[PDB]
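The structure appears below as structure tokens.
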Amino acid sequence: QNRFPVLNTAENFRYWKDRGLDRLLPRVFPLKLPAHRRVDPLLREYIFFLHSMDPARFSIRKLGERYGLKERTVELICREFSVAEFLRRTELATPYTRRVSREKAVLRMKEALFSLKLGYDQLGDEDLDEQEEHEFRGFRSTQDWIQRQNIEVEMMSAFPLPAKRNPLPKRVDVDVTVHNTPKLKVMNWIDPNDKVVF
Amino acid sequence: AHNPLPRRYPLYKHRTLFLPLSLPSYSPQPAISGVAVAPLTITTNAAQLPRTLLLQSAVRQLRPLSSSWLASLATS
Amino acid sequence: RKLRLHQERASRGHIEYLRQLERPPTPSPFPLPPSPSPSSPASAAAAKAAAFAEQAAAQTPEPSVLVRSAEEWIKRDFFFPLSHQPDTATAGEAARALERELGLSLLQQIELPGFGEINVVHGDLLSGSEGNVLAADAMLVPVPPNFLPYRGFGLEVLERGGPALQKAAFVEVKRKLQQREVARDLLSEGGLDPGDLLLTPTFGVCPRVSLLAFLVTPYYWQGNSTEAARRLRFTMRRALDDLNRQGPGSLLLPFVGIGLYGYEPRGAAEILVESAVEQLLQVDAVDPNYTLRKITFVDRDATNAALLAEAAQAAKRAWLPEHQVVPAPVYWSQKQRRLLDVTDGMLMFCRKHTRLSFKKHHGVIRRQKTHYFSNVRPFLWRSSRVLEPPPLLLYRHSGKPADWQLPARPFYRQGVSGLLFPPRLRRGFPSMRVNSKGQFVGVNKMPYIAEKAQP
Amino acid sequence: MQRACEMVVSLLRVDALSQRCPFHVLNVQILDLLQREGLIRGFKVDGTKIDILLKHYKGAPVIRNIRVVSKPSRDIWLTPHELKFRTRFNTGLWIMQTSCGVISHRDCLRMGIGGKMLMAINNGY
Amino acid sequence: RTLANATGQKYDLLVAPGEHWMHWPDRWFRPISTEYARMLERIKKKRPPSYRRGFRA
Amino acid sequence: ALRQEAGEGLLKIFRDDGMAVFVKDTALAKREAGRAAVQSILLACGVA
Amino acid sequence: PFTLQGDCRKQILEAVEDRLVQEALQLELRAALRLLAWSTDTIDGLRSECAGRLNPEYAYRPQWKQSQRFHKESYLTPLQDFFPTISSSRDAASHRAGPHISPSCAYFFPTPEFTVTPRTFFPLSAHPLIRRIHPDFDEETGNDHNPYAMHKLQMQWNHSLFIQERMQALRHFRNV
Amino acid sequence: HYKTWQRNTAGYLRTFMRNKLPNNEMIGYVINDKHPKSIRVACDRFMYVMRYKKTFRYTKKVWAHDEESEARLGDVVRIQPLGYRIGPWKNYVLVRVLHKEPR
Amino acid sequence: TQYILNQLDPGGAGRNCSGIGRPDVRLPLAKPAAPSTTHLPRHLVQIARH
RNA sequence: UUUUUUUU
RNA sequence: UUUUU
RNA sequence: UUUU
RNA sequence: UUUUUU
RNA sequence: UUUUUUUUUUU
């Protein structure tokens with residue numbers, strides 16, 4: 001009835017989804033795992049070393065570009081590596097006997113099993129910067145919270161139609177730091193709604 | 001006065017934070033320094049996209065400071 | 001400059017936050033009503049009049065709420081449309097006046113004693129016809145091939161020079177191309193490689209320029225963003241390296257990456273700046289050969305120029321000891337350092353029996369009202385939800401607060417930060433009103449506890 | 001105002017082609033807005049009564065539900081910020097009576113003026 | 001949507017997709033077939049190509 | 001924009017609809033040639 | 001057409017038809033303006049037929065005018081309104097010494113010749129999401145139409161504006 | 001008494017505007033003009049109901065004062081309040097007369 | 001043609017495109033064809049040919 | 001590869 | 001309460 | 001108190 | 001106290 | 001449930 005060969009149509013939205021009797025059918029799905037753990041442990045040591053050696057030449061952003069790592073992911077590698085080494089050199093406790101919540105214990109098992117089947121990743125595979133793309137991220141993505149409407153209705157006419165009312169930013173209160181001392185911390189309360197600045 | 005947490009089988013899984021962000025303005029905006037800053041899709045995650053980071057960066061740079069009728073139209 | 005008083009620094013943050021929220025207006029054009037309207041005469045007359053009201057609605061900012069009586073407001077809402085520029089949209093004259101005195105109303109200079117002379121980022125015209133109109137080696141960023149389809153800074157340069165300059169360009173590339181083929185054949189990718197340089201004497205392009213280099217640049221659409229950045233760094237480093245043992249030290253690289261190959265003022269900017277510093281110091285060199293001691297950047301675009309300046313600031317940080325910032329919470333800890341001796345017997349209570357740990361008490365609230373009036377209301381003294389502000393950054397050596405720091409952290413409910421019909425708040429003149437005479441007078445009343453919580 | 005509420009009974013018919021309606025000044029203006037949206041094929045003033053045609057598609061009519069909000073005995077008014085809450089996530093048609101003539105609910109929010117909800121077309125709960 | 005749009009003859013699109021049911025590109029006018037035997041005859045009769053609005057063509 | 005063509009002393013400025021607004025066949029002659037071009041584009045572009 | 005061979009033939013007919021109509025309309029306007037400004041016998045004919053519609057008794061046959069030889073070329077000469085005249089009156093309005101147009105006609109139509117406008121073939125929209133689907137949508141401005149170009153188009157097709165202009169001319173003719 | 005959320009609804013705001021006049025002025029018709037330089041003005045007010053969302057009307061008869069005694073029975077006039085008490089019944093002052101009944 | 005390709009693959013300034021349809025790209029065409037030399041300048045090519 | 005699966 | 005089997 |  | 005086990 | 005932080009949408 002209509003021609004639209006693209007991948008952002010109503011029917012093409014959320015491809016490979018159960019629409020019918022297949023919703024109740026059990027299906028296995030891949031297990032997610034953070035990128036900072038899938039990398040080769042060997043490379044983590046190397047990356048940490050560089051960071052700790054010369055932060056100027058080896059910045060947080062430049063270091064992650066060569067190995068293809070995000071600015072946030074590379075930060076955790078140094079932080080997690082530091083603590084592991086600190087307890088070994090100082091002869092405090094072994095990493096295996098370290099106390100940690102159950103959420104991390106299950107994560108460690110997955111990391112070991114991930115490599116035992118496929119293997120560790122020699123180089124990360126992720127983009128440093130994001131990209132505006134059409135994807136389904138939760139139920140709050142395909143909804144307009146400003147006008148609170150799902151279906152947009154407009155008049156059909158060839159002539160220029162009047163534009164819609166643009167929204168205004170929401171003014172909220174914030175706090176800033178002016179003077180900081182060991183025995184006292186002074187702060188300032190900002191009120192954007194005040195006409196007189198002074 | 002509440003502490004949400006899972007109470008079911010799926011107690012340990014990736015729970016990414018989502019920050020819905022609708023269109024900032026419906027008017028047609030021009031390209032800043034030749035780089036287009038128009039909205040492509042309405043789905044936006046919490047992480048700021050590089051395209052949007054350019055518009056907000058330049059916003060802070062702008063300082064707050066700064067007879068007949070037909071015959072007349074052609075004459076001017 | 002160098003605001004030492006606490007009051008001056010406190011007011012600086014207020015202006016920065018207000019500037020971000022301020023957005024210039026954008027009046028949209030309105031179409032003319034159609035004369036051959038098929039509607040009935042009664043509706044046609046009303047529609048024609050309504051069109052004019054909308055035009056003035058978006059071009060007539062409203063005054064303060066306190067100006068007119070309450071009654072007046074109610075009648076206007078039901079008689080005229082709502083203006084698009086409310087009193088609580090843009091800042092008043094007070095904010096503009098303050099910036100004049102504070103000093104917020106030649107851009108950057110990175111100077112290193114011993115290695116590099118100066119690094120000026122002055123932005124102006126190159127071929128308009130000293131800081132930025134005297135050098136001896138001009139740069140160019142043409143397309144991979146030797147023919148510019150459209151756009152590009154080099155398109156103008158080549159045409160300006162006329163056939164005299166063009167002839168020299170085609171001869172130099174021909175010889176270089178042939179040399180590569182023979183060298184790669186006798187000893188044992190038939191095109192050019194990104195990172196090559198070519199020399200071309202000036203032919204009247206600019207009296208104040210001696211040489212004119214030709215450095216090829218790659219594209220941006222190839223690969224992802226992570227791969228694109230890696231490619232640009234390789235070309236920059238190779239270009240700079242070759243230039244060193246070429247001639248006198250005077251670089252006039254206007255702006256690399258701009259044109260038609262894809263550019264990013266945010267990301268691309270940092271690459272360039274960061275690269276310049278290394279060249280000067282010659283880090284990647286076993287045998288130091290100081291030849292190049294002058295690097296400058298020239299940009300025509302005002303917008304771009306401003307952005308470039310920002311990059312400079314970041315570059316200066318973490319490199320020079322005089323501009324090394326440090327958070328206050330960790331700065332004081334680092335000063336009062338001590339050596340603590342811990343024996344084996346002091347860690348007896350540190351160890352625990354259970355291996356794993358988790359929450360042993362669900363956070364499920366039992367009484368919503370009883371708990372709220374016992375542990376929520378007493379601990380809440382503000383009508384707005386404000387999170388903990390970021391820490392203050394201080395210097396390492398001098399131990400004084402710096403000027404540039406992190407911005408504010410505004411909070412929004414449910415992520416949405418857009419209001420279509422903002423109301424007229426009464427917070428514009430706290431404890432102040434208008435008298436019959438027109439003068440400003442105060443009031444004596446208890447403030448509403450939920451004033452800011454009822455937008 | 002009473003004659004305005006008498007149009008829903010005549011226009012809400014399945015097995016019919018054209019229905020009469022009392023002539024009124026306000027009623028004429030209402031039909032103009034509906035025709036723009038494509039709900040009424042056409043109408044003609046036959047003197048003391050107005051003949052209005054009915055639109056059908058695959059048997060069923062285009063109009064399936066009519067709700068009268070305003071009544072002669074009272075008056076419903078909503079502020080510009082309150083109409084959005086009422087009307088949200090729907091395809092319905094609300095007739096708004098503003099000072100500058102009569103317009104639909106979509107245009108009322110654009111101008112930001114306080115209208116008056118008269119009737120509802122193709123509205124659910 | 002398909003019901004209301006047919007009778008409403010007005011924009012009845014969703015939020016995520018863009019003009020999926022209303023957009024009807026002319027697939028029988030622009031992509032019309034052309035043979036090499038009759039192409040030479042239309043070159044001298046049609047407007048000469050003098051424009052610049054397409055790079056990826 | 002700028003479009004190159006075989007060098008024959010030609011200088012024509014076309015519009016969006018495909019209509020020419022300026023067709024070309026001591027220093028006074030050079031100045032007059034450029035004066036006619038600046039005003040020609042503004043005549044059909046300016047809105048009073 | 002249904003076959004490839006039959007479909008190709010339709011293109012030839014559409015190409016020649018589009019060109020013939022453009023030439024016919026262009027020449028039709030040229031002869032219409034010159035005839036009304038030179039031929040004086042057209043006034044009698046218009047009144048004779050107008051008065052005869054009500055009743056044949058009011059219809060009269062005018063004498064027209066004696067036949068005379070003509071070049072049958074002056075009525076199809078191009079006409080333009082261009083200011084550059086450094087080439088010894090290159091254009092000088094319609095023809096070298098033909099009738100001129102009023103200065104007020106330089107606002108809507110910059111040239112008296114009948115041209116073709118590039119009318120769009122898809123509906124416009126205001127939402128940013130819908131504008132991206134329009135074929136004629138440039139990324140350098142974010143809009144699917146040129147406000148300056150569309151501003152003049154609406155003024156041309158306006159009965160209210162034309163009535164005021166027509167009324168002003170009528171008063172001048174009647175008074176003086 | 002009205003709640004905080006009841007002072008922003010269109011129903012209450014519209015009723016308020018009708019009742020509200022410059023200088024707290026009122027509109028009413030005279031019903032008694034027997035005593036010298038005295039006229040009883042009957043004013044009509046309005047009120048809003050937040051339960052059924054309906055507005056009713058209730059008459060408010062008040063006494064006024066006239067200098068020239070121009071007003072007569074059955075004539076709509078305008079009244080203005082005053083910050084004192086004059087006479088046993090007199091509580092208002094006349095400004096003008098809108099309509100006049102024949103004799 | 002340009003508009004059709006834009007919808008099928010979003011690509012412009014500051015975005016990573018697939019390079020499909022651009023003049024400077026190799027495609028698996030059914031039959032041999034010459035490159036798209038229309039976008040190249042005419043002044044620089046003529047002077048360079050000699 | 002750690003008193004790992006394994007549990008006051 | 002007690003505590004490296 | 002597996003921080004009084 | 002046993003069984004299993006990158 | 002963050003070694004050197006009093007910062008952290010930790011999960």
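Going by the structure tokens order, chains are called A, B, ..., each with residues numbered from 1, while ligands are numbered from 1 in the order shown.
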
> Using only C-alpha atoms (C1' of nucleotides), which residues sit within 10 Å of stretch 19-35 of chain F once same-chain residues fewer than 5 positions away are excluded, as an MDAnalysis selection string?
Replying inline: (chainID F and resid 9:14 40:41 43:44) or (chainID G and resid 82 84 86:87 110:111 115:116)

> Hey, what does DSSP flag as helix (DSSP H, G or I) within stretch 43-113 of chain D? Can you give it to me as a ChimeraX atom specification?
Replying inline: /D:80-86,105-111

> Between atom CA of residue H:24 and atom CA of residue H:8, what is the distance, to one decimal in Å?
Replying inline: 21.6 Å

Who sits within 10 Å of residue D:54, only C-alpha atoms (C1' of nucleotides), same chain under 4 positions skipped, as a CSV table (one decimal) with N, CA and C atoms, in the first residue's frame:
```
chain,number,residue,atom,x,y,z
D,10,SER,N,-28.4,14.5,15.7
D,10,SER,CA,-28.6,14.4,14.3
D,10,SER,C,-27.4,13.9,13.6
D,11,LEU,N,-26.2,14.4,14.0
D,11,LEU,CA,-24.9,14.0,13.3
D,11,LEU,C,-24.5,12.6,13.7
D,12,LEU,N,-24.9,12.0,14.7
D,12,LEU,CA,-24.5,10.7,15.2
D,12,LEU,C,-25.5,9.6,14.7
D,13,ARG,N,-25.5,9.4,13.4
D,13,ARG,CA,-26.4,8.4,12.9
D,13,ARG,C,-25.6,7.5,11.9
D,14,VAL,N,-26.0,6.2,11.9
D,14,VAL,CA,-25.3,5.2,11.1
D,14,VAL,C,-26.0,5.0,9.8
D,15,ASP,N,-27.3,4.6,9.8
D,15,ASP,CA,-28.0,4.3,8.6
D,15,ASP,C,-28.7,5.6,8.2
D,16,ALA,N,-28.0,6.5,7.6
D,16,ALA,CA,-28.5,7.8,7.1
D,16,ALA,C,-27.4,8.4,6.2
D,17,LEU,N,-27.9,9.3,5.3
D,17,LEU,CA,-27.1,10.0,4.4
D,17,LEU,C,-27.0,11.5,4.8
D,18,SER,N,-28.1,12.1,5.0
D,18,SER,CA,-28.2,13.6,5.4
D,18,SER,C,-29.2,13.8,6.5
D,19,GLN,N,-28.9,14.7,7.4
D,19,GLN,CA,-29.8,15.0,8.5
D,19,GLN,C,-30.0,16.5,8.6
D,39,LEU,N,-14.1,15.4,8.9
D,39,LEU,CA,-15.2,14.7,9.6
D,39,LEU,C,-16.5,14.8,8.9
D,40,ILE,N,-16.8,15.9,8.2
D,40,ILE,CA,-18.1,16.2,7.6
D,40,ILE,C,-17.8,16.4,6.1
D,41,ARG,N,-18.6,15.6,5.3
D,41,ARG,CA,-18.5,15.8,3.8
D,41,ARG,C,-18.9,17.2,3.4
D,42,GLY,N,-20.0,17.7,3.9
D,42,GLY,CA,-20.4,19.0,3.6
D,42,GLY,C,-21.7,19.4,4.3
D,43,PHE,N,-22.1,20.6,4.1
D,43,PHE,CA,-23.4,21.1,4.7
D,43,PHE,C,-23.9,22.3,3.9
D,61,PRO,N,-19.4,4.8,10.3
D,61,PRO,CA,-19.2,6.2,10.1
D,61,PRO,C,-17.9,6.7,10.6
D,62,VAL,N,-17.5,7.9,10.2
D,62,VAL,CA,-16.3,8.5,10.7
D,62,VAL,C,-16.4,8.9,12.2
D,63,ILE,N,-17.6,9.3,12.6
D,63,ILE,CA,-17.8,9.7,14.0
D,63,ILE,C,-18.4,8.5,14.7
```

>> Can you measure atom CA of residue A:45 to atom CA of residue A:78 for me? One decimal in Å is fine.
In response: 8.5 Å

>> Please compute the atom CA of residue G:114-atom CA of residue G:42 distance, one decimal, in Å.
In response: 23.9 Å

>> Can you pull out the residues contacting stretch 1-3 of chain L? Cut-off 12 Å, using only C-alpha atoms (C1' of nucleotides), and skip same-chain residues under 2 positions away; I want them as an MDAnalysis selection string.
In response: (chainID A and resid 99) or (chainID C and resid 348:355 357)

>> Neighbouring residues of residue H:13 were defined as those with any atom within 10 Å, considering only C-alpha atoms (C1' of nucleotides); residues of the same chain fewer than 5 positions away were excluded. Please report them as a PyMOL selection string.
In response: (chain C and resi 71+74-75) or (chain D and resi 77+79) or (chain H and resi 6-8+18+48)

>> At a cut-off of 10 Å, which residues of chain D touch chain C? Count only C-alpha atoms and give the answer as a ChimeraX atom specification.
In response: /D:25-26,28-33,35-36,79-82,98-103,108-115

> If you count only C-alpha atoms (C1' of nucleotides), which residues fall within 10 Å of stretch 219-223 of chain C, apart from same-chain ones fewer than 6 positions away, as a ChimeraX atom specification?
Replying inline: /C:143-144,194,229,231-232,257,260-264 /I:11-19

Kindly save the residues from that selection, with N, CA and C atoms included, as a tab-separated table (two decimals), in the first residue's frame.
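Full text of result_18.tsv as output:
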```tsv
chain	number	residue	atom	x	y	z
C	143	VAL	N	43.13	18.16	-0.59
C	143	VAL	CA	42.49	16.85	-0.66
C	143	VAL	C	43.56	15.80	-0.95
C	144	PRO	N	43.30	14.52	-0.70
C	144	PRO	CA	44.31	13.49	-0.98
C	144	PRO	C	44.86	13.62	-2.39
C	194	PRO	N	49.01	9.11	3.57
C	194	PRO	CA	48.79	10.28	4.43
C	194	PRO	C	49.98	10.51	5.36
C	229	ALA	N	40.43	9.58	15.27
C	229	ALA	CA	41.36	10.34	16.10
C	229	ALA	C	42.77	9.77	16.00
C	231	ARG	N	44.14	8.29	13.47
C	231	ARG	CA	44.73	8.64	12.18
C	231	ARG	C	45.26	10.06	12.17
C	232	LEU	N	44.52	11.01	12.76
C	232	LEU	CA	44.96	12.40	12.76
C	232	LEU	C	46.26	12.58	13.53
C	257	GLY	N	42.40	20.01	9.66
C	257	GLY	CA	41.20	19.25	9.87
C	257	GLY	C	39.93	19.94	9.38
C	260	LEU	N	36.57	20.13	4.21
C	260	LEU	CA	35.52	19.22	3.75
C	260	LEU	C	35.80	17.77	4.10
C	261	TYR	N	36.78	17.47	4.96
C	261	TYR	CA	37.11	16.10	5.33
C	261	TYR	C	36.50	15.69	6.67
C	262	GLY	N	35.65	16.54	7.24
C	262	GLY	CA	35.07	16.25	8.54
C	262	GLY	C	35.90	16.81	9.67
C	263	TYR	N	35.30	17.66	10.50
C	263	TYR	CA	36.01	18.32	11.59
C	263	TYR	C	35.14	18.30	12.84
C	264	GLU	N	35.81	18.38	13.99
C	264	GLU	CA	35.14	18.40	15.29
C	264	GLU	C	35.86	19.41	16.17
I	11	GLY	N	24.48	10.17	6.85
I	11	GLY	CA	25.87	10.54	6.74
I	11	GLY	C	26.06	11.97	6.28
I	12	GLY	N	26.93	12.69	6.96
I	12	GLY	CA	27.20	14.08	6.62
I	12	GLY	C	28.49	14.54	7.27
I	13	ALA	N	28.51	15.80	7.67
I	13	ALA	CA	29.68	16.38	8.33
I	13	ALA	C	29.69	15.97	9.79
I	14	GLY	N	30.84	15.48	10.26
I	14	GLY	CA	30.97	15.08	11.64
I	14	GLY	C	30.30	13.77	11.98
I	15	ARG	N	30.03	12.93	10.98
I	15	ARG	CA	29.39	11.64	11.20
I	15	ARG	C	30.12	10.58	10.38
I	16	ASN	N	30.20	9.37	10.92
I	16	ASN	CA	30.86	8.26	10.25
I	16	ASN	C	29.89	7.63	9.26
I	17	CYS	N	30.14	7.82	7.97
I	17	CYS	CA	29.30	7.28	6.91
I	17	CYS	C	29.96	6.05	6.29
I	18	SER	N	29.14	5.27	5.58
I	18	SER	CA	29.62	4.07	4.92
I	18	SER	C	30.31	4.35	3.59
I	19	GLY	N	30.21	5.58	3.08
I	19	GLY	CA	30.86	5.92	1.83
I	19	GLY	C	30.23	5.30	0.61
```

>> I need the residues of stretch 218-396 of chain C that end up classed as strand (DSSP E or B) by DSSP on the backbone, written out as number ranges by chain.
In response: C: 251-252, 295, 325-327, 393-395

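Residue neighbourhood of stretch 92-95 of chain H, excluding near-sequence residues (fewer than 4 positions): residues 63, 64, 65, 66, 78, 79, 80, 81 and 82 of chain H, at 7 Å, using only C-alpha atoms (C1' of nucleotides).
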
Show me, as a Markdown table, the residues of chain E having an atom within 9 Å of chain F, each with the closest atom pair and its distance in Å, using only C-alpha atoms.
```
| residue | atom | partner | partner_atom | distance |
| --- | --- | --- | --- | --- |
| E:50 | CA | F:18 | CA | 8.6 |
| E:51 | CA | F:16 | CA | 8.9 |
| E:52 | CA | F:3 | CA | 8.9 |
```

Chain B residues within 10 Å of chain A, counting only C-alpha atoms: which ones, as a tab-separated table (two decimals) with N, CA, C and O atoms, in the first residue's frame?
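Contents of result39.tsv, freshly written:
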```tsv
chain	number	residue	atom	x	y	z
B	11	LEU	N	18.54	-10.67	40.47
B	11	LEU	CA	19.09	-9.79	41.50
B	11	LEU	C	20.42	-9.16	41.11
B	11	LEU	O	20.81	-8.16	41.72
B	12	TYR	N	21.11	-9.72	40.12
B	12	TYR	CA	22.41	-9.21	39.68
B	12	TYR	C	22.39	-9.13	38.16
B	12	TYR	O	22.54	-10.15	37.48
B	13	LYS	N	22.21	-7.92	37.63
B	13	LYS	CA	22.20	-7.71	36.19
B	13	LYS	C	22.54	-6.25	35.92
B	13	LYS	O	22.48	-5.40	36.82
B	14	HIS	N	22.88	-5.96	34.67
B	14	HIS	CA	23.22	-4.61	34.27
B	14	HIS	C	21.98	-3.73	34.31
B	14	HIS	O	20.98	-4.03	33.64
B	16	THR	N	21.44	0.04	33.63
B	16	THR	CA	21.94	1.33	33.19
B	16	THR	C	20.92	2.42	33.47
B	16	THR	O	19.71	2.21	33.33
B	17	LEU	N	21.41	3.59	33.86
B	17	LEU	CA	20.54	4.73	34.15
B	17	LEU	C	20.14	5.41	32.85
B	17	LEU	O	20.98	5.64	31.97
B	18	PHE	N	18.86	5.74	32.73
B	18	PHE	CA	18.31	6.39	31.54
B	18	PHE	C	17.78	7.77	31.91
B	18	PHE	O	17.04	7.92	32.89
B	19	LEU	N	18.17	8.78	31.13
B	19	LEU	CA	17.73	10.16	31.33
B	19	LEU	C	17.02	10.63	30.07
B	19	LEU	O	17.68	11.06	29.11
B	20	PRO	N	15.69	10.56	30.02
B	20	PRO	CA	14.98	11.01	28.81
B	20	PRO	C	15.24	12.49	28.55
B	20	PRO	O	15.24	13.31	29.47
B	21	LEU	N	15.46	12.82	27.28
B	21	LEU	CA	15.73	14.19	26.85
B	21	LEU	C	15.00	14.42	25.54
B	21	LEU	O	15.39	13.90	24.49
B	22	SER	N	13.92	15.20	25.59
B	22	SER	CA	13.13	15.50	24.41
B	22	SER	C	13.81	16.62	23.62
B	22	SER	O	14.90	17.08	23.95
B	23	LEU	N	13.15	17.08	22.55
B	23	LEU	CA	13.73	18.13	21.73
B	23	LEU	C	13.84	19.42	22.54
B	23	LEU	O	12.92	19.77	23.29
B	24	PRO	N	14.95	20.17	22.40
B	24	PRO	CA	15.08	21.42	23.15
B	24	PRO	C	14.25	22.55	22.55
B	24	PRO	O	13.70	23.38	23.28
B	25	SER	N	14.17	22.58	21.23
B	25	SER	CA	13.41	23.61	20.53
B	25	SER	C	12.94	23.06	19.19
B	25	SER	O	13.70	22.38	18.50
B	26	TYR	N	11.69	23.36	18.84
B	26	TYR	CA	11.12	22.89	17.58
B	26	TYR	C	11.50	23.76	16.39
B	26	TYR	O	11.29	23.34	15.25
B	27	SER	N	12.06	24.94	16.63
B	27	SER	CA	12.45	25.81	15.53
B	27	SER	C	13.66	25.24	14.80
B	27	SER	O	14.45	24.49	15.38
B	28	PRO	N	13.82	25.58	13.52
B	28	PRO	CA	14.97	25.06	12.76
B	28	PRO	C	16.24	25.82	13.11
B	28	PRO	O	16.33	27.03	12.91
B	39	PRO	N	18.39	17.84	15.40
B	39	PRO	CA	18.06	16.55	16.02
B	39	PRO	C	17.68	15.52	14.97
B	39	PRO	O	16.84	15.78	14.10
B	40	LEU	N	18.30	14.35	15.05
B	40	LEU	CA	18.03	13.26	14.11
B	40	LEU	C	16.96	12.31	14.65
B	40	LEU	O	15.97	12.03	13.97
B	41	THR	N	17.15	11.82	15.87
B	41	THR	CA	16.22	10.90	16.51
B	41	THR	C	15.84	11.42	17.89
B	41	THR	O	16.58	12.18	18.52
B	42	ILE	N	14.66	10.99	18.35
B	42	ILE	CA	14.17	11.42	19.65
B	42	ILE	C	14.72	10.59	20.80
B	42	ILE	O	14.70	11.04	21.95
B	43	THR	N	15.21	9.38	20.53
B	43	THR	CA	15.74	8.53	21.58
B	43	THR	C	17.14	9.00	21.96
B	43	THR	O	18.07	8.94	21.15
B	44	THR	N	17.29	9.47	23.20
B	44	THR	CA	18.56	9.97	23.71
B	44	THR	C	18.84	9.32	25.06
B	44	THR	O	17.97	9.30	25.93
B	45	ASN	N	20.06	8.80	25.22
B	45	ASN	CA	20.46	8.17	26.47
B	45	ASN	C	21.02	9.22	27.43
B	45	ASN	O	21.11	10.41	27.11
B	47	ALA	N	24.11	9.53	28.53
B	47	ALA	CA	25.38	10.04	28.03
B	47	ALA	C	25.13	11.09	26.96
B	47	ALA	O	24.32	10.89	26.05
B	48	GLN	N	25.84	12.22	27.06
B	48	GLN	CA	25.68	13.29	26.09
B	48	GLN	C	26.37	12.94	24.78
B	48	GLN	O	27.53	12.50	24.78
B	49	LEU	N	25.67	13.12	23.67
B	49	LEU	CA	26.24	12.83	22.37
B	49	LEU	C	27.21	13.94	21.95
B	49	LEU	O	27.06	15.09	22.36
B	50	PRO	N	28.21	13.61	21.13
B	50	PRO	CA	29.15	14.66	20.69
B	50	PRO	C	28.47	15.78	19.92
B	50	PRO	O	28.91	16.93	20.02
B	51	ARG	N	27.43	15.47	19.15
B	51	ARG	CA	26.74	16.51	18.39
B	51	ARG	C	26.11	17.55	19.31
B	51	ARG	O	26.19	18.75	19.04
B	52	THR	N	25.49	17.10	20.40
B	52	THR	CA	24.86	18.03	21.33
B	52	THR	C	25.89	18.78	22.18
B	52	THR	O	25.63	19.92	22.59
```

Please report as JSON lines every residue of chain B lying within 9 Å of chain I, along with the nearest atom pair and their distance in Å (one decimal), using only C-alpha atoms.
```
{"residue": "B:34", "atom": "CA", "partner": "I:13", "partner_atom": "CA", "distance": 7.9}
{"residue": "B:35", "atom": "CA", "partner": "I:13", "partner_atom": "CA", "distance": 6.1}
{"residue": "B:36", "atom": "CA", "partner": "I:13", "partner_atom": "CA", "distance": 7.0}
{"residue": "B:51", "atom": "CA", "partner": "I:14", "partner_atom": "CA", "distance": 8.1}
```
